[PDB]
Amino acid sequence: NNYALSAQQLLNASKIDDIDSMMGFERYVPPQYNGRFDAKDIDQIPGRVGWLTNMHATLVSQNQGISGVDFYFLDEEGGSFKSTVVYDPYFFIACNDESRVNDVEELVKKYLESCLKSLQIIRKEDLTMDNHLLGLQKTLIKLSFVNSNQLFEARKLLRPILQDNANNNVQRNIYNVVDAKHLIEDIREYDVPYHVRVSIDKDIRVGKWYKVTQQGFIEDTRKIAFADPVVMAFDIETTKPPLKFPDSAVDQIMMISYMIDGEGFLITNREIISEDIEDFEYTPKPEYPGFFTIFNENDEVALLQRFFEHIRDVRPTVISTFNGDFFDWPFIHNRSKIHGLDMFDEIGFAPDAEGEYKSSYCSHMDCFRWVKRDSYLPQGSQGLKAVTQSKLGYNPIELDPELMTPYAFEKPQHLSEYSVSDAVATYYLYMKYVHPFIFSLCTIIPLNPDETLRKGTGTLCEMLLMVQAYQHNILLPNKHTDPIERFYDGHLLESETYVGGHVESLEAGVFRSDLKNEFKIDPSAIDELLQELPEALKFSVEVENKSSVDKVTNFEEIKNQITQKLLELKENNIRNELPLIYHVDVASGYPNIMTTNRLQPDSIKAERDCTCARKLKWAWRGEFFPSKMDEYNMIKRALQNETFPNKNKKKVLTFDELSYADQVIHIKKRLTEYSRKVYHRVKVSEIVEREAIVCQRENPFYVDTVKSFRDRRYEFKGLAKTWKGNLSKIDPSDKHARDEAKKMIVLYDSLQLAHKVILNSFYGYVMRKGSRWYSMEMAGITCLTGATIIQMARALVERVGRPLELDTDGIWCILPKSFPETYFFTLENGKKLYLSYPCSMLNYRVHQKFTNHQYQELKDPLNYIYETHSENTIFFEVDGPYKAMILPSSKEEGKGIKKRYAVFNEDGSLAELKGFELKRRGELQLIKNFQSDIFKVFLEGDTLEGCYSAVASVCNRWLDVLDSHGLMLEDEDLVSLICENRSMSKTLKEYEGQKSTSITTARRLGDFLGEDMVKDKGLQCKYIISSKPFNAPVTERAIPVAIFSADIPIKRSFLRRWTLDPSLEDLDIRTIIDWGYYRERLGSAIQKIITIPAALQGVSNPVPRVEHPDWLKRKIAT
DNA sequence: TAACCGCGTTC
DNA sequence: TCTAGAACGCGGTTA
Ligand SMILES: Cc1cn([C@H]2C[C@H](O)[C@@H](COP(=O)(O)OP(=O)(O)OP(=O)(O)O)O2)c(=O)[nH]c1=O
Ligand SMILES: [Ca+2]
Ligand SMILES: [Ca+2]
Ligand SMILES: [Ca+2]
């Protein structure tokens, strides 16, 4: 078993060692050395220097295998090697009686003779243990093993003991007034991935330079930049059934385009491609050279052996694809099998336990994983086309997938130009955005490139936190586990959480820098601002700019200018002037709220443990059933008398024989019905204000990890802001200088956004499943604190201006043009400090009301002496003033629309576009193109009324297209304008009992093209709604648009069935469309974006063909 | 009406 | 196995 399972494992190792040697990775062993292990003597110690590019757990011999890690290097002489570190896996046993630890030692040493290599007593800091801040430590038994198989064996042997100790004890003599097994409290750090365990304990990181010596790896801090690995990026294109997805079973690979370190190549399957293709060039932009040599080949099998032999030739340590883990690689694998080729022996690639394709020597960098996790691009923009436009700054070749299989024979040169396009986009997307980010992150996260690319951002956070915990000798907590059911007030809870961010829609309509607005200034607010002005201006200098008032020359001049503008506002409250369209958002809001308040899971105390205590409030919110327990028990007992089908000799089971999970599942389903009948309600929501103790002396390893990564992000966010300033400094006539400045902006804005998701995942991680540091309190406290801060700022903006929209940590607003705006302190050095009074007036009050004055830190660690001080890193950040902001309005009375608007810069360019269907994936294309046309038009017009009039022209043009029953439009534009695409996250089978346009479109796509359409998840349901079944629900009139593309026989059969008209003969799309459905949809968009906002601003309906709601007509009447 | 769900956004 | 969070819009269905 163990030595036997070693066989698969030790055989796979020898195969990997052979594959590695083939690709240039011979296992290097450094010479012997009897001197000292001091890194100052790196040049004298015998060894080989290399750049660490990969690492993998392995099994080595010298009958059982020894656990270890292979480390893959690129040396300085243009070569490569790998070296192995062996390291005994280990986990700990915790005891509930510290005195009797030795007894447990003697038990487990005898009990685990089968697998235990060695045993030892160690101490670690336990953050749940009393007096741990005074130096006390938890005694633990460290169990070490020869390999991970043996570690797992001991886990299997120890779990029964852990279960028997949790259950009740056997009885025996009842008049009798403990054994070694019952002192085993728990096992700890048992589920750490072994290669992570080696990377943490040995402090080794991919992307650093080491010298492999006998005593170990020595980091060469002298070596600065990364070695340059051989990078290959490839894309595959294949034949496909008409209107259907390819099947590796039958379909063949036409061509494989790739690029190796900037040199383009293309291999062709001439049995499908008509002409031999000649070397051509696709350099989409000068920065992206693209000269492609062509390798035309006879059969598909020949194409595969050319791709496999070229890979063997160049020896790539990185292979990049776009969605290659789930399409390209699985195809090349299946086609290699059919042709009697083993891809492993060929190139060393194979699917792993997650079905992804990896190798030992070469990372597989699927750029689609980066786009999905670190781009911050909308899902509508996550395709290679949009990603190339967003990040590489050009348009790549496009080609209808329905024409690719035909164009293989009709125009194969156009097919070849498309494939190389997908290839140039993948190579340069990886080389400019992915490769720098992932390999740099590997320098601080103890994972290899493949894992650093694919692991969730919560897992990345966990990796970073474990390094800090280990290096501070802090015992790792076990992964959090949810109770199988929780209760509130006797009711079974369905779900609980905390109140998140505060969002407000305060005003809708058009706002522009040239159109006047009415402001009612609170004079008592101007008094407060004048009271606060001397200290706020000092706060702007000493805190916001990290200087001193003694070095500024014009502190008084600035103060007098602001005072004057402020007093003029106090004398003239009612004003009707031009607005300043500004946005203020707290930088890294939740993280800075956490680090300011010293928030971390281990700091949340329970009043049974821990001036020292900073009490903070959050809002709990639970959703429970209305049934009380007495009811709850009733259902259960009824279920206990029923029978349940077995999960595949015994055909039935009892309720108590089932899993406690599926039990609750049945209990839930039944309790739902009962309440619906007895209470006429299934869910009851309730909000409870809760308080938690946040100890300010706890070991701040978590808090400090968040501070560090915030500063890590701020570097790139600052560089992004620096280069946005450099771009406005350059003369427009110098194209090359503006281009490079733009390229810097996109690069640093990307790097800061990728760091933004990991940073904010330190907040989400405390609520993540399996979290080693779970705390609902900490998260709720963060959210409530942010909600209190933003409403404080909104209360002030209200009194000196008009807030338009608010979300969590940001406010959009308009201020009077006369409001104190931007100033520049002048320093004795000639330097200038920038001041935005609307920003600094808020930030001063933020620090007045939300500063942590109970923040403590170890001053003297040896004597356990703490010092208390004040901390506040919460700072609003101002952007603007903008040319225009356009906010939509709700169709229903008294309500607004949140999370949707459009903002325009002074130069007319689009600044922000939030929420609207234009950006969302799928949605009705008509609404998308209408929105794409309409928002820029809000800039036209000389008055508010001429503005709405210029927009109305575009509206009525679109309304005309639909009131014309699509006669003005050609056939092509019609199919694309009236199509609504929607993605099914799961598969149709997993949607039982649900009605949706996508579900119906999928069933019909299956009933027509076949079941093969609906086998996978993520199906795109392109449909049009038919008037066919009249007065019938819409989910019933959704026809797949592919129907109008098949042969006429198939169309009539299905259209008649879907229309319930066996007499139908006109199969034109224009005759099937329910143009009334789409006209209402267009009418709904025009109401929310144009007409109803115009009414709110006092403008009679600019599009009278779209009638106001009756509530609005009645409001206008009065 | 109001509750409720799937998707994809803004935070 | 691996797995960051909550608030919200909109087109639907359901009670
Ligand atoms: C964008 C985003 C935000 N949030 C939370 C935490 C953020 O502090 C809060 C505010 O969102 P943002 O203001 O978008 O994020 P931020 O304040 O951290 O970054 P920036 O400096 O660019 O303003 O919302 C997440 O939990 N996940 C996310 O993906
Ligand atoms: Ca492709
Ligand atoms: Ca921001
Ligand atoms: Ca923010």
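These numbers come from the heavy atoms of this one structure, side chains and all, not from hydrogens, waters or symmetry mates. Proteins come first, then strands; the chains are lettered A, B, ... in the order of their sequence lines, and each starts at number 1.
- For the residue pair A:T595 / A:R710, a side-chain donor-acceptor distance below 3.5 Å is found, with atom types taken as modelled.
- OP1 or OP2 of B:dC7 sits under 4.0 Å from a side-chain N or O of A:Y991.
- Residue A:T459 places at least one side-chain N or O closer than 4.0 Å to OP1 or OP2 of C:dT3.
- Considering only side-chain N and O atoms, A:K1088 lies under 4.0 angstrom from the phosphate OP1 or OP2 of C:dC10.
- With rounding to whole Å, A:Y376 atom OH is found 13 Å from C:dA4 atom P.
- Of the listed nucleotides (C:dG12, C:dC8, C:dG5), C:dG12 has the atom at the smallest distance from the side chain of A:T997.
- Nearest nucleotide to the side chain of A:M984, out of B:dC7, C:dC8, C:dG5: B:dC7.
- At least one side-chain nitrogen or oxygen of A:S985 sits closer than 4.0 Å to the OP1 or OP2 atom of B:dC7.
- Listed candidates were C:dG12, B:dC5, C:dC10. Nearest to the side chain of A:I897 is C:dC10.
- Phosphate proximity of C:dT13 to A:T1035: present, with a side-chain N or O under 4.0 Å from OP1 or OP2.
- Comparing atom distances between the A:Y1077 side chain and each of C:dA4, C:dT13, C:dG11 picks out C:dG11 as nearest.
- Closest to the side chain of A:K898, from the set C:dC8, C:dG11, B:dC4, is C:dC8.
- In this structure, of C:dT3, B:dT10, B:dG6, it is B:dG6 that holds the atom nearest to the side chain of A:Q994.
- Comparing atom distances between the A:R920 side chain and each of C:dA6, B:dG6, C:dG9 picks out C:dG9 as nearest.
- Between A:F437 and A:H755, the distance from one ring center to the other falls under 6.0 angstrom.
- Sugar conformation at C:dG12 is north: the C1'-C2'-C3'-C4' dihedral has a positive sign, consistent with the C3'-endo side.
- For A:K914, no side-chain nitrogen or oxygen approaches OP1 or OP2 of C:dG9 to under 4.0 Å.
- Dashed line: the shortest gap from a side-chain N or O of A:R921 to OP1 or OP2 of B:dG8 is under 4.0 Å.
- Of the side-chain N and O atoms in A:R621, one or more sit less than 4.0 angstrom from OP1 or OP2 of C:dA7.
- Here the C1' atom of nucleotide B:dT10 and the CE atom of A:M885 are 12 Å apart, to the nearest Å.
- Counting distance only, with no hydrogens placed and no angle test, the side-chain atoms of A:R900 and the base atoms of C:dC8 include no donor-acceptor pair under 3.5 Å.
- Not a single donor-acceptor contact under 3.5 angstrom links the side-chain atoms of A:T497 to the base of C:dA6.
- Between A:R768 and C:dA4 there is a side-chain N or O to OP1 or OP2 distance below 4.0 Å.
- A donor atom on one side chain and an acceptor atom on the other are found under 3.5 Å apart for A:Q931 and A:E917.
- Nearest heavy-atom pair, A:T1035 versus A:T997, reported as atom, atom and distance to 0.1 Å: CG2-N, 3.9 Å.
- If you take NZ of A:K891 and P of C:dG9, they are 15 Å apart, rounded to a whole angstrom.
- Phosphate contact (OP1/OP2 of B:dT9, side-chain N/O of A:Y901, threshold under 4.0 Å): absent.
- Distance, A:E923 CD to C:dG12 P: 10 Å, rounded to whole Å.
- Here the nucleotide nearest the side chain of A:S983, chosen from C:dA7, B:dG6, B:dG8, is B:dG8.
- Not one side-chain nitrogen or oxygen of A:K769 sits closer than 4.0 Å to the OP1 or OP2 atom of C:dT3.
- The NZ atom of A:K895 sits 13 Å away from the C1' atom of C:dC8 (whole-angstrom rounding).
- The number of heavy-atom neighbours closer than 6.0 Å to NZ of A:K995, taken from other residues, nucleotides and ligands shown, is 12 or below.
- Comparing C:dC2, B:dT9, C:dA7 by their nearest atom to the side chain of A:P378 picks out B:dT9.
- Note: A:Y901 and A:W812 meet the aromatic proximity criterion, with ring centroids under 6.0 Å apart.
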